[PDB]
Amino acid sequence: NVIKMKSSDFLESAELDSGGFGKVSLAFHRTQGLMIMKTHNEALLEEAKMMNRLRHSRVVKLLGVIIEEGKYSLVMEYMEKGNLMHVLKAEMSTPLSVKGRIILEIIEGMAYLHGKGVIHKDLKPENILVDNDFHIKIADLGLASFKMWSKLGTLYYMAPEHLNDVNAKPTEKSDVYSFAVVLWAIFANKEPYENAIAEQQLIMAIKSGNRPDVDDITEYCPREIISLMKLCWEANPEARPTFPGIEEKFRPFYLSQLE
């Protein structure tokens, strides 16, 4: 069961920039502290109850909902340092062992989501949020995984089977492709395809088998992680592993080489 909330429980607002997902709001619960707010009543609630069951340390929790006349808001836990891309482009830059942990925690969170039959469909640095200790949580701030709540750069992480084909149904392996490009971004410390001509041209190129430039990596990236990204951004969805497949290989690798 969901905490159904009221806006009289919130002191109020400090609308923050949410990384390309439009406006959100950092609002102060009068009893339970800081929270974030994204602003058919039984269909909504039914869904809100579905998503509120999503409970894992690497997944942003839906705390509850503000369904009042005019305003429909979802209420979620706050992550102080923002999205993964922002923290990477930060001046005091982040070491290799911490990047390894972020990767493993992204794997854990995604495995959980799948295990509860949720397909994210829109994984990307913007939906990977960070707290003060540099642990991460997966979010869905564009409501990609929703149906009724949805009704009420983007493309760089999308699997080629979805580029120019919006009728094909996302699979677990759609999320694996997005992971591959996140891996890339984690070591390049920027967005891929800097030199792109047009979206139309770039899309064709990606559907035909172009990927981010593994040479833009001015850091040391271990060669077993460059292998994993190439595995995970295979054109053919069937040739990509599952997140449990990735974890089983990457966790022993992490602890034994990255600690």
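Rigid core (definition): largest C-alpha set, two forms, superposition within 1.5 Å. One-based numbering along the sequence shown.
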In 8 other deposited structures of this protein, superposed by the rigid core, which stretch departs further from the shown form in CA positions, 86-94 or 101-109?
-> 86-94
Would you say which of 128-136 and 141-149 moves more relative to the shown form in 8 other deposited structures of this protein, going by RMS C-alpha distance with the core superposed?
-> 141-149
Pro237 dropped from a third or more of the other entries of this protein = no
Counting the other entries of this protein, is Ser13 left out in at least a third of them?
-> yes
Do any residues of the deposited sequence lie unmodelled between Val98 and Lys99, and which range holds their number: none, 1 to 3, 4 to 9, or 10 or more?
-> none
Residues of the deposited sequence left unbuilt between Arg53 and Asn52 = none
In the PDB record, does 162-170 or 70-78 carry the higher mean Cα temperature factor?
-> 70-78
Quick note on 23-31 and 187-195: per-entry mean CA temperature factor is higher in 23-31
Have a look at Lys230, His56, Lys207, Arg223 and flag the one whose Cα has the highest B-factor in the entry.
-> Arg223
Would you please rank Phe146 by its C-alpha temperature factor against the other modelled residues of its chain and give the third it falls in: lowest, middle or highest?
-> highest
By the entry's values, the third containing the CA B factor of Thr242 is the lowest
Chain thirds of CA B-factor: placement of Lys61 = middle
CA B-factor placement of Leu45, once the chain's modelled residues are sorted into thirds | highest
When the modelled residues of the chain are sorted by Cα temperature factor, does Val87 land in the lowest, middle or highest third?
-> middle
